[PDB]
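I have placed the structure first, in the form of structure tokens, so that the comments after it can refer back to it.
Don't worry about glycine lacking a Cβ; one is built from the backbone with ideal geometry, like all the others, and counts go over all protein chains shown. None of the figures in this text is laboratory data; all of them are computed from the coordinates on show.
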10 protein chains.
Amino acid sequence: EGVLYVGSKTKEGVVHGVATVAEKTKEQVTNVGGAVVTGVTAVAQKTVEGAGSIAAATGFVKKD
Amino acid sequence: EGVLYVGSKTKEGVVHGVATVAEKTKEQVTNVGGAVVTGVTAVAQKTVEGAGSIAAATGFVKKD
Amino acid sequence: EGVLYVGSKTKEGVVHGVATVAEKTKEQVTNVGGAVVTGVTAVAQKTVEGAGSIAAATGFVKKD
Amino acid sequence: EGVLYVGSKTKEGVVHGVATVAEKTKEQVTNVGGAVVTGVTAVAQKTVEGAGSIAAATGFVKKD
Amino acid sequence: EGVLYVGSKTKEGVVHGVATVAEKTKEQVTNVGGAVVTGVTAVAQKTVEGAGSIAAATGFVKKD
Amino acid sequence: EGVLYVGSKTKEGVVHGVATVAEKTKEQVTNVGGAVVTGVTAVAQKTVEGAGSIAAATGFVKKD
Amino acid sequence: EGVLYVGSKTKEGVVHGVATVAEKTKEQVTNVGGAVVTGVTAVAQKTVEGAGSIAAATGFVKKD
Amino acid sequence: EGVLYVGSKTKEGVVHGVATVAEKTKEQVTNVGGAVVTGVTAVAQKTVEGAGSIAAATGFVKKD
Amino acid sequence: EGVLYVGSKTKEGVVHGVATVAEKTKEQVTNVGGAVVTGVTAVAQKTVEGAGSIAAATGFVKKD
Amino acid sequence: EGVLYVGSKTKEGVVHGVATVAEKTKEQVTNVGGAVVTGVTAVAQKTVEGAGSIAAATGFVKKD
Ligand SMILES: [Cl-]
Ligand SMILES: [Cl-]
Ligand SMILES: [Cl-]
Ligand SMILES: [Cl-]
Ligand SMILES: [Cl-]
Ligand SMILES: [Cl-]
Ligand SMILES: [Cl-]
Ligand SMILES: [Cl-]
Ligand SMILES: [Cl-]
Ligand SMILES: [Cl-]
């Protein structure tokens, strides 16, 4: 069964993850369906184990 | 059964995770469905074990 | 059954997690469905074990 | 049954977790569905064991 | 069963992940269906194990 | 009249001064005419003010 | 009159000064006429003010 | 009158000054007439002010 | 009157000064008339102010 | 009156100064009349101010 070995060496790391910036705007969205993982070493793992599973990411919905 | 081995060495790390910045704006969103994990070493693991599971991330909804 | 081994060495770490900043704005949201984990070493683990489970993250909803 | 081994060595760590900052704004939200964990070593673990479980994080709702 | 071995050595890394920037705009979206993983070493793994699974990423929907 | 301004800032310093090491040897010498100054900040100042002054450093002398 | 301004900033320094090492040898010398100054910041100043001054450094002398 | 301004910034420095190493040898010399200054920042200044001054560095002398 | 301004910035420096190494040899010399200055920043200044001054560096002398 | 301005920027420097190496040899010399200055930034200045000054560097002398 699967192995997610991650091995990392660095002397320096500078990391900027997600920046959302707005001036004088309307209706700005940064929808993320999964995790937001930010690191010198960064690992995201997701397992969905079943039938009929739904993953549904939407920025915005406007009905009338 | 699966192994998420993460091994990390660094001398320095500088990490900025999620920044959401607004001036004079309306309706600004940073919806995240999973975790927000921020680190020199950063790991997010999610397991969903079942049938018919729903993951549904939406920034915003406007009905009438 | 799964192993989440995380091994970390660092001499220095500077970490900034989630910043939400607003001036003169309206309706600003940073909805996070999971945990917010911020660390020199940062680990988030979530297990959902069942059928029909729902994960539903939404920034905002406006009905009439 | 699963093992969340976390091993950490650091000489220095500086960590800033969640900042929510507002000036002259209205309706600013930092909804977090899980824990907020902030540490030089930071670990969040959540287990939900059952069928039909709901996780539902929403910034704000406005009906009429 | 599959192995996702990642091995990394670097002396320096500077990483900027996702930037969404808006001025005087309306209706700006950066919908991401999976994780957002940002790192000097960055790994995202997703496994969906079942029949009839849906992955559905949409920027925005407007009905009337 | 002269100014020996020394200004130093360091976060870490490791300093090894004078090592003299011998195994199974004969007649090993580390003659130093001035001071031996060893420090994270190290300053040696010597002033000789007169006529006919002698400075004479010799490791060893063997007459018959 | 003269100014010996020394201004130093460092984050790390590792310094090894004078090593004299011998195995199974004879008659090994490290004669130094002035100071031995070893430091992350290291300054040696010598002033000789007079006529007919002698500086005479010799490793070894053997007459008969 | 003269100015010996030295200004230094470094993040890291590793410095090895004078090594004299001998195995199974005879009559090995490292005569130095002035100072031995070893540093991340290293300054040696010598002033001799007079007539007829002698500086005389010799490794070794053998008369009969 | 003269100015010896030295201005230095470096991120890393590795410096090895004077190495004298001998195996199974005889009569090995590293005579240096002035200072030995070893540094990430290294400055040697010598002023001799007078008439008839002698600087005389000799490795070795053998009379009969 | 003269100005010896030295201005240096480097990201990395590796410097090896003077190496004298001998195996099974006799009478090996590295006579240096002035200073030995070794650095990422290295400056040697010598001023001799007078009439009839002698600078005399000799490896070795053998009379009978
Ligand atoms: Cl960021
Ligand atoms: Cl941030
Ligand atoms: Cl923050
Ligand atoms: Cl904070
Ligand atoms: Cl970014
Ligand atoms: Cl020592
Ligand atoms: Cl040493
Ligand atoms: Cl050394
Ligand atoms: Cl050396
Ligand atoms: Cl060398």
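From the Cα gyration tensor of chain G, with a ≥ b ≥ c the square roots of its eigenvalues, which class applies: rounded if a/c is under 1.5, or else prolate if a/b is larger than b/c, or else oblate? Oblate, since a/c reaches 1.5 and b/c is not below a/b.
Taking chain H as a Gaussian network, where each spring joins two C-alpha atoms under 10 Å apart, which residue of H:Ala19, H:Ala35, H:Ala51 fluctuates the most? Of H:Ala19, H:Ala35, H:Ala51, the most mobile in the Gaussian network model is H:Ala51. Among the listed pairs B:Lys62/E:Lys24; F:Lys46/J:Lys26; C:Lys24/F:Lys11; A:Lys9/I:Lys9, those with a Cα-Cα distance over 30 Å are F:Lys46/J:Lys26; C:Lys24/F:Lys11. Amide H contacts of C:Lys46 (H built 1.01 Å from N, in plane; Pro and chain starts excluded): B:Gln45, B:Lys46, B:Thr47, D:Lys46 sit under 5 Å, all sequence-distant by 5 or more or on other chains. Listed by Cβ neighbour count within 10 Å, with the fewest neighbours leading, I:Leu4, D:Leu4 appear as D:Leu4, I:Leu4.
Quick one: dipole size for the protein assembly as shown, taken about the Cα centre, charges +1 on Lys/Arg Cβ and -1 on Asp/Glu Cβ, in debye to the nearest 20. Don't skip to the answer; put the middle values down first.
Numbers: 70 positive and 60 negative charges, 59 e Å.
Computed about the Cα centre, the dipole is about 280 debye.
The trypsin sites (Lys or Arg not before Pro) of chain J that DSSP puts in a loop, and whose beta carbon has at most 14 other beta carbons within 10 Å, are J:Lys24, J:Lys63. Largest GNM mean-square fluctuation among G:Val43, G:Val32, G:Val21, using chain G with Cα springs under 10 Å: G:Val21.
I need to check one value: relative contact order of chain G, counting alpha carbon pairs closer than 8 Å and at least 6 residues apart, in percent. Please report the intermediate quantities before stating the final value.
Working: 25 pairs, mean separation 21.3, N = 64.
That works out to 33 percent.
Largest mean-square fluctuation among G:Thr47, G:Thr38, G:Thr20, in a Gaussian network model of chain G whose springs join Cα atoms under 10 Å apart, belongs to G:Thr47.
Label the protein assembly as shown by shape, choosing from rounded, prolate and oblate, from the square roots a ≥ b ≥ c of the eigenvalues of the Cα gyration tensor; if a/c is under 1.5 it is rounded, and otherwise prolate applies when a/b is larger than b/c, oblate when it is not.
Working: a/c = 4.60, a/b = 2.58, b/c = 1.78.
It comes out prolate by the Cα gyration axes.
Can you tell me the dipole magnitude for chain C around its Cα centre, using point charges on the Cβ only (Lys, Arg +1; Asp, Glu -1), in Debye to the nearest 20? Please list the in-between numbers first.
On the way: 7 positive and 6 negative charges, 39 e Å.
Using only the charged Cβ atoms, the result is roughly 180 debye.
A Förster radius of 60 Å, combined with the Cβ-Cβ distance separating J:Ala51 from E:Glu12, puts the computed FRET efficiency at roughly 0.60. Database remark: amide H of G:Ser8 closer than 5 angstrom to the amide H of F:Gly7, F:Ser8, F:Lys9, H:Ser8 (H placed geometrically; neighbours at sequence offset of 5 or more, or on other chains; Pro and chain starts carry no H).
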